[PDB]
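Chemist: please find the sequence and an experimentally derived structure below.
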Amino acid sequence: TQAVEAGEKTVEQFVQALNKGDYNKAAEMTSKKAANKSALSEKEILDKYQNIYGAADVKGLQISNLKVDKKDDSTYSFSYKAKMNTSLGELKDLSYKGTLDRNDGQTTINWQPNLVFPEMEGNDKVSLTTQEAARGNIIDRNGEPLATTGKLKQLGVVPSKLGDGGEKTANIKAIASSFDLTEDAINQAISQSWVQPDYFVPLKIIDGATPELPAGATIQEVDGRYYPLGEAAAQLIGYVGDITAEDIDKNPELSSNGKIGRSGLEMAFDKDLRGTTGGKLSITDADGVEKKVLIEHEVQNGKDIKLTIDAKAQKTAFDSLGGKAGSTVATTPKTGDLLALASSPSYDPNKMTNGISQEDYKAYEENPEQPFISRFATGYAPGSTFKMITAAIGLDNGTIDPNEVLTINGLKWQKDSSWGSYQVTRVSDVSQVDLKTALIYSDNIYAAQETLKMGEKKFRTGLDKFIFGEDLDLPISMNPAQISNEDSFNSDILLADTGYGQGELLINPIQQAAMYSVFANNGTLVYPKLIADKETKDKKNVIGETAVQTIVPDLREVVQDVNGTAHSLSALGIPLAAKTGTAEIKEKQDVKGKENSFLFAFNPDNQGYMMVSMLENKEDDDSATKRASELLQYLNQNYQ
Ligand SMILES: *C(=O)[C@@H](NC(=O)Cc1ccccc1)[C@@H]1N[C@@H](C(=O)O)C(C)(C)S1
């Protein structure tokens with residue numbers, strides 16, 4: 001038994017070397033090639049495993065139920081059960097047998113072809129046939145296609161029919177004029193290092209209509225991933241890329257020919273969309289004589305994913321941003337159905353997944369506005385929109401009397417002389433300001449005063465009833481919203497700033513649409529959902545219904561009153577409750593300030609839709625309220 005324990009370590013270290021992918025170090029643990037010892041040499045075992053295990057993409061070899069006994073003077077027979085992962089799934093309940101040899105203190109392994117697979121007897125071969133799985137589709141709440149594998153048309157060229165010499169550059173310029181392509185790229189694609197005379201070199205995928213083809217131009221019907229809305233849902237949906245050899249080493253269930261989600265929902269639901277690879281793994285005789293089948297199952301196509309998105313809303317919400325930095329979130333606030341999640345500027349996902357040039361991909365990341373960013377998942381200072389939450393908290397704890405009128409003189413104010421030169425600033429110089437007036441003119445001094453009066457203890461007590469710090473159950477990578485950096489402001493100044501949506505607040509537009517949903521459900525927070533079938537989760541009693549029926553009628557006046565900060569929306573003539581905001585951020589790239597324009601709006605009659613729009617680093621006299629006219633008309637018409 002003093003050497004039997006050393007033998008159980010030899011079997012354990014041998015499986016480790018196989019599982020670690022180092023087939024050579026495993027072969028160095030086998031005996032010499034003989035009839036009673038190992039059946040092959042060390043270099044032959046290396047090529048045997050590397051050729052077989054590599055063909056099935058074998059990874060993760062784990063053993064159990066080891067039993068090492070004795071047999072002869074120097075021979076100890078060993079046995080174990082094993083499981084491993086292949087291109088076609090898990091191979092479980094494998095029975096392995098063999099013998100060891102301790103000719104001295106060292107114990108080696110009498111290697112045998114039955115250690116590659118349980119029943120491989122001698123010069124048996126292994127075959128693998130796989131049927132590739134079709135990637136599932138992503139669809140909106142009405143069945144419209146957002147991400148599908150469609151039939152595309154590809155414009156390529158064959159350099160043999162282009163022309164002799166002068167007629168070749170003429171056809172290269174004639175093809176560049178009939179397809180809006182750089183004429184220097186037509187000669188740069190046919191002169192790549194992989195081109196041969198009679199080869200088909202693709203140029204770019206034709207969108208829709210096929211113009212006249214010049215001398216040596218042809219179209220090849222190819223199938224691939226296709227995104228109908230394109231840039232409008234690029235950040236939400238995402239794109240898929242070619243699966244690499246390094247990808248299969250991580251998860252061998254992938255198809256080495258298929259596509260894999262790289263960002264967005266295509267990556268979040270990569271498992272449910274790629275399906276499962278189908279095929280058969282079998283051991284054979286000397287020829288293709290199929291002996292024993294190890295693994296076999298039919299191919300399974302990918303499940304389709306139905307979103308709460310409305311394609312019409314997503315496209316309108318994106319187009320309303322005009323290519324400027326911003327985002328828009330539209331929900332049915334009673335259920336949380338995310339109707340649209342737009343981000344701008346954006347990238348073309350079809351040119352990204354079919355064939356992007358080495359320079360066009362550099363322009364997307366060198367772009368300072370960062371089109372790759374999902375701005376509906378980025379934390380911001382919510383701005384003056386946050387006064388709704390501050391007021392609703394101040395009404396529940398009774399700190400704010402809706403009819404009490406603070407007397408404010410001027411445009412700057414500070415609590416004590418201990419604030420130095422800092423002062424809360426408001427835009428309108430109204431002498432007598434109550435709750436209704438402060439929400440109309442968007443008065444920061446009013447909000448700052450009532451926050452300081454409320455006290456930090458009573459303030460956070462109302463804030464904690466929301467979703468600050470929580471992780472929403474959404475397939476979108478985001479950070480949880482925060483009140484401040486630490487669990488205490490420890491500054492009268494910072495407490496005031498948090499009252500009107502500045503300070504250390506970080507809330508992304510999706511979380512904002514969640515927190516603001518209380519004003520459409522009588523103080524009940526409705527969690528947003530992107531998957532159509534997920535049950536509606538909610539959070540009761542976030543703010544009192546007293547504050548809802550007080551602020552919601554006031555929010556109508558933000559639109560209806562002639563001095564309201566959203567009066568440009570009165571032209572719609574629809575029932576609207578809104579609240580605008582313009583927060584300022586401290587940009588280190590330039591001393592000039594950068595300011596973001598916000599807009600919250602919903603229907604206070606039927607609560608059928610809720611909207612949160614923003615413009616990051618806005619241009620002069622630009623605002624989210626300016627661009628919301630179109631989306632509000634659609635959401636009011638189609639979601640009562
Ligand atoms: C909230 O954003 C309020 N004002 C401020 O925070 C100060 C400020 C910052 C930049 C520009 C102007 C004022 C009020 N809300 C906005 C809005 O509703 O868009 C106003 C500009 C009306 S001031």
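Modeler: That came through, no problem. Numbering: from 1, shown residues only.

Chemist: C-alpha only now, for contacts and for neighbours.
Modeler: OK.

Chemist: would you mind listing what in this protein touches the ligand?
Modeler: Contact residues (CA under 6 Å from any ligand atom) of the chain with the ligand: 383, 384, 427, 442, 444, 565, 580, 581, 582, 583, 584.

Chemist: can you give me phi and psi for residue 472?
Modeler: Per-residue torsions, residue 472: phi -70, psi 150 (degrees, to the nearest 10).

Chemist: then residue 112?
Modeler: phi -150, psi 150.

Chemist: correct me, but it touches residue 38?
Modeler: Yes. Using CA atoms under 8 Å, residue 112 is in contact with residue 38, at 6.3 Å.

Chemist: which helix or strand contains residue 168?
Modeler: Using DSSP states H and E, residue 168 falls within helix 166-177.

Chemist: what's next to whichever helix or strand comes after that helix, contact-wise?
Modeler: As assigned by DSSP H and E, the chain's next helix or strand after helix 166-177 is helix 183-189. Helix 183-189 is contacted from outside by 172, 173, 176, 201, 202, 203, using CA atoms under 8 Å, 6 or more residues apart in numbering.

Chemist: select only the buried ones of the residues you listed in ChimeraX?
Modeler: In ChimeraX, a selection of the buried entries from these looks like this (16 or more other CA atoms under 10 Å):
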select :172,173,176,201,202,203
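
Chemist: pick the one among the contacts of helix 183-189 closest to residue 489.
Modeler: residue 203 (57.9 Å; CA to CA).

Chemist: what's the spacing between that closest one and residue 546?
Modeler: Residue 203 sits 64 Å away from residue 546, going by CA to CA, to the nearest Å.

Chemist: kindly report the same for residue 586.
Modeler: As judged by CA to CA, residue 586 and residue 546 stand 37 Å apart.

Chemist: and if you look at residue 349?
Modeler: Distance from residue 349 to residue 546, by CA to CA: 47 Å.

Chemist: residue 88 contacts residue 277, correct?
Modeler: Yes. With contacts counted by CA under 8 Å, residue 88 reaches residue 277, the gap being 6.2 Å.

Chemist: residue of the stretch 401-550 of the chain nearest the ligand, please.
Modeler: residue 442 (4.7 Å; CA to the nearest ligand atom).

Chemist: pull the contacting residues for that residue.
Modeler: Going by CA under 8 Å, 6+ apart, residue 442 touches 384, 426, 427, 565, 580, 581.

Chemist: give me phi/psi at the most centrally placed residue in the chain?
Modeler: The residue lying closest to the centre of the chain (CA atoms, centre = their mean) is residue 264, at 2.8 Å. With angles defined as degrees, to the nearest 10, residue 264 sits at phi 70, psi -150.

Chemist: just confirm it contacts residue 236, I think it does.
Modeler: Yes. Between residue 264 and residue 236 there is a contact under CA under 8 Å: 5.3 Å.

Chemist: so where do the helices sit in the stretch 201-350 of the chain?
Modeler: Using DSSP state H, counting those that start in this stretch, the helices of the stretch 201-350 of the chain run over residues 234-237, 245-250, 264-268, 270-274, 311-319, 349-353.

Chemist: what distance do you get for the residue in the stretch 101-250 of the chain that the ligand sits nearest to to residue 340?
Modeler: Here the stretch 101-250 of the chain gets closest to the ligand at one residue, residue 232, 25.6 Å apart by CA to the nearest ligand atom. Residue 232 sits at a distance of 10 Å from residue 340 (criterion: CA to CA).

Chemist: tell me the residues that contact both of the two, please.
Modeler: Contacts common to residue 232 and residue 340, judged by CA under 8 Å, 6+ apart, are residue 314.

Chemist: ok, residue 159 - contacts?
Modeler: 190, 197, 198, 199, 200, 216.

Chemist: pretty sure it sits in a helix.
Modeler: No. Checked against DSSP: H, G, I helix; E, B strand; the rest coil, residue 159 lies outside a helix; its state is coil.

Chemist: what about residue 349 and residue 546, which has more around it?
Modeler: residue 349 (25 against 13; other CA atoms under 10 Å).

Chemist: show me what contacts that one?
Modeler: The contact partners of residue 349, by CA under 8 Å, 6+ apart, come to 227, 230, 231, 234, 238, 239.

Chemist: likewise for residue 218?
Modeler: Taking CA under 8 Å, 6+ apart, we find residue 218 in contact with 155, 156, 157, 158.

Chemist: I'd like those as a markdown table, with neighbour count appended.
Modeler: Formatted as a markdown table, the contacts of residue 218 follow (neighbours: other CA atoms under 10 Å):
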| residue | neighbour count |
| --- | --- |
| 155 | 21 |
| 156 | 22 |
| 157 | 24 |
| 158 | 19 |
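
Chemist: where along the stretch 351-500 of the chain do the helices fall?
Modeler: 360-366, 387-396, 435-441, 444-454, 456-463, 492-499.

Chemist: ok now do residue 51, which residues does it touch?
Modeler: Not one residue lies near residue 51 by CA under 8 Å, 6+ apart.

Chemist: equivalent analysis for residue 497, please.
Modeler: Contact analysis of residue 497 by CA under 8 Å, 6+ apart lists 424, 448, 503.
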